[PDB]
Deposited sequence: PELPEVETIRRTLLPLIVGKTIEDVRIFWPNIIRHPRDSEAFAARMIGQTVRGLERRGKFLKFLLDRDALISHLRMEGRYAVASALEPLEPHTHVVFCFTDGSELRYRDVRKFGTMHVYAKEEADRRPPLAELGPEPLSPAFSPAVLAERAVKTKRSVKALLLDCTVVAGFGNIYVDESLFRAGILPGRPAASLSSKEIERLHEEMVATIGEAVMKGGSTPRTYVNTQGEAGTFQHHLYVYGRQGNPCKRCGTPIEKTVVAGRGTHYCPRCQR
């Protein structure tokens, strides 16, 4: 899921688990657990803790318990559901948190690509994978000024910059391409080649792209199709070693 879908998950999942006390944690694919390294330590420390909150940082979900925070990344196919302990698990269920009321928070992931880290709450923000994560795109912490400062420093293309998670949280290939199209900027442009005007415009489009979604594509996956704003065929190349979609007319 993209950031906005993750936010939707955070919102709808919270009431379904808040106030629930963990009685057991069952792990069927240990590699998902990245911290503590030993999945057994992971399971044992969570038992007895009550879910108190659920926050989002970038595309990470941060489950708040009594003492610990669980940092969860769904990656490609990860999904959470709350269901009865009495019913059969759905296919590809790799982690289950069992609550004392007989319900369960289940993590499914056909790809097995998702990750989980647990730390004492007060440590979560200064350890991987949250450490160094850039500002929320919809926060005043993410500003044209912040953006401009990073652009000037680097020899990187603008796309490479926006894909950098220390720059801003939750911007993947899709939103980068879309934001760059909406800002009229070619992805292969050097980040340092962007004018202050282009920086402002880009920041604005980024925020709008994320903001609107947290509530139709122009270029992503539309190569060979007419651009929706000028009709020029959308093209696809490789920038920052990535599948990059752009309009050769709208973007400069």
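Asks: From the N-terminus onward, what segments of the deposited sequence lack any C-alpha atom in this model?
Replies: Missing from the model is only the stretch 216-236.
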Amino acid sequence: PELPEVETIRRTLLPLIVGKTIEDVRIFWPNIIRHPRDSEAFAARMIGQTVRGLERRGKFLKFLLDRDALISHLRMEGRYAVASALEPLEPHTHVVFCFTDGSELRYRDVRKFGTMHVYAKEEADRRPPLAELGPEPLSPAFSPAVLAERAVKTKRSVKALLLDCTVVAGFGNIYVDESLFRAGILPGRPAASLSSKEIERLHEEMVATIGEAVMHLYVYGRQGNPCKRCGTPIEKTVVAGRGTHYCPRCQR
From here on, numbers count along this sequence of modelled residues.
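Asks: For the higher mean C-alpha B factor in the entry, choose 195-203 or 59-67.
Replies: 195-203 has the higher mean C-alpha B-factor.
Asks: Is the mean CA B factor in the deposited entry higher across 39-47 or across 185-193?
Replies: Between 185-193 and 39-47, it is 185-193 that shows the higher mean C-alpha B-factor.
Asks: Out of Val219, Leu54, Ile33, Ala213, which shows the largest CA B-factor listed in the entry?
Replies: In this record, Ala213 carries the highest C-alpha B-factor of the candidates.
Asks: Just to confirm, going by the entry's C-alpha B-factors, which of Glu132, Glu178, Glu104, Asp164 comes out highest?
Replies: Of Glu132, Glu178, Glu104, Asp164, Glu132 has the highest C-alpha B-factor.
Asks: Sorting by Cα B-factor within the chain, modelled residues only, which third would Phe142 end up in: lowest, middle or highest?
Replies: Answer is highest: the recorded C-alpha B-factor places it there.
Asks: Among the chain's modelled residues, which third holds the C-alpha B-factor of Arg75?
Replies: As the PDB entry reports it, the C-alpha B-factor of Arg75 lands in the middle third of its chain.
Asks: Ranked by Cα temperature factor within the chain, is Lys20 in the lowest third, the middle third or the highest third?
Replies: As the PDB entry reports it, the C-alpha B-factor of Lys20 lands in the lowest third of its chain.
Asks: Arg127's Cα B-factor: lowest, middle or highest third of the chain?
Replies: Middle third by C-alpha B-factor.
Asks: Quick one: classify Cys230 as lowest, middle or highest third of the chain based on its Cα B-factor.
Replies: Middle third.
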